[PDB]
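What follows is each chain in one-letter form.
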Amino acid sequence: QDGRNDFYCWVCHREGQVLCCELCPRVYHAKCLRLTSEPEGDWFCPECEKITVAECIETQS
Amino acid sequence: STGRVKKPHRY
Ligand SMILES: [Zn+2]
Ligand SMILES: [Zn+2]
């Protein structure tokens, strides 16, 4: 019911030490991402945060 | 559940 955060990290294709992302693949690695902090709730892996800071790369109208 | 991930409680 917790969304089974355990599954497989695409970087290693193996399960173990993985965090749940809400804006990306239900499960992802924190080690491969080299994360030293453990956030709770909807966390954004550097991958989602990186594109979030760039915001709309193209100008609208 | 178990210690699947690190939970050192930053707080
Ligand atoms: Zn990995
Ligand atoms: Zn993410």
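Structure first, text after, so check above.
Criteria and thresholds
Residues numbered from 1 in each chain as written, not as in the entry; some residues may be left out. Chains lettered and ligands numbered in written order. Heavy atoms only, no water. Contact = heavy atoms within 4.5 Å. Buried area = accessible area lost by both parts, 1.4 Å probe. Salt bridge = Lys/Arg side-chain N within 4 Å of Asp/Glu carboxyl O. Nonpolar A, V, L, I, M, F, W, Y, C, P; charged D, E, K, R; others polar. 1 Å grid on protein atoms, 1.4 Å probe; cavity = no way out; pocket = protein on both sides within 12 Å on 5 of 7 lines; lining within 4 Å. Points joined across faces, edges and corners; volume = space filled by probe spheres on them. Donors = N, O, S within 2.8 Å, 3.2 Å for Na, K, Ca; no water. Tetrahedral: all angles 85-135°; square planar, octahedral: opposite > 155°, others 65-115°. Buried < 20%, exposed > 50% of the residue type's maximum accessible area, 1.4 Å probe, protein only.

### Focus on the interface of chain A and chain B
Reasoning step 1: In this assembly, 12 residues from chain A lie in contact with 6 residues from chain B.
Reasoning step 2: Note on chain A versus chain B: buried area summed over both sides is about 760 Å², and carbon and sulfur give 39% of it.
Reasoning step 3: The largest contributions to the chain A side of the interface with chain B come from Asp-6, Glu-38 and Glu-40 of chain A, which together make up 56% of the buried area.
Reasoning step 4: Our count for the chain A to chain B interface comes out at 4 salt bridges.
Reasoning step 5: The class makeup of the residues in the side of chain A that touches chain B is 3 nonpolar, 5 polar and 4 charged.

### Points about the layout of surface pockets
Reasoning step 1: The calculated volume of the largest pocket comes to roughly 320 Å³.
Reasoning step 2: Its residues assigned to classes, the lining of the largest pocket shows 6 nonpolar, 2 polar and 7 charged.
Reasoning step 3: Lining the second largest pocket are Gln-17, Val-18, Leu-19, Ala-30, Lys-31, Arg-34, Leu-35, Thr-36, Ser-37 and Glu-38 of chain A together with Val-5 and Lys-6 of chain B.
Reasoning step 4: Split into classes, the residues belonging to the lining of the second largest pocket amount to 5 nonpolar, 3 polar and 4 charged.

### Overview of the coordination of the zinc ion (ligand 1)
All names here are of chain A.
Reasoning step 1: For the zinc ion (ligand 1), every protein donor is listed as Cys-9 (SG), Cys-12 (SG), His-29 (NE2) and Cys-32 (SG), and the spread of their distances is 2.1 to 2.4 Å.
Reasoning step 2: Metal-centred angles of 88 to 116° between the 4 donor atoms at the zinc ion (ligand 1) mark the site as tetrahedral.
Reasoning step 3: Counting residues between consecutive donors of the zinc ion (ligand 1) along the chain gives the motif C-x2-C-x16-H-x2-C.
Reasoning step 4: Residue classification places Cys-9 among the buried positions, given a relative accessible area of 1%.
Reasoning step 5: Using a relative accessible area of 27% as the deciding quantity, one classes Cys-12 as partly exposed.

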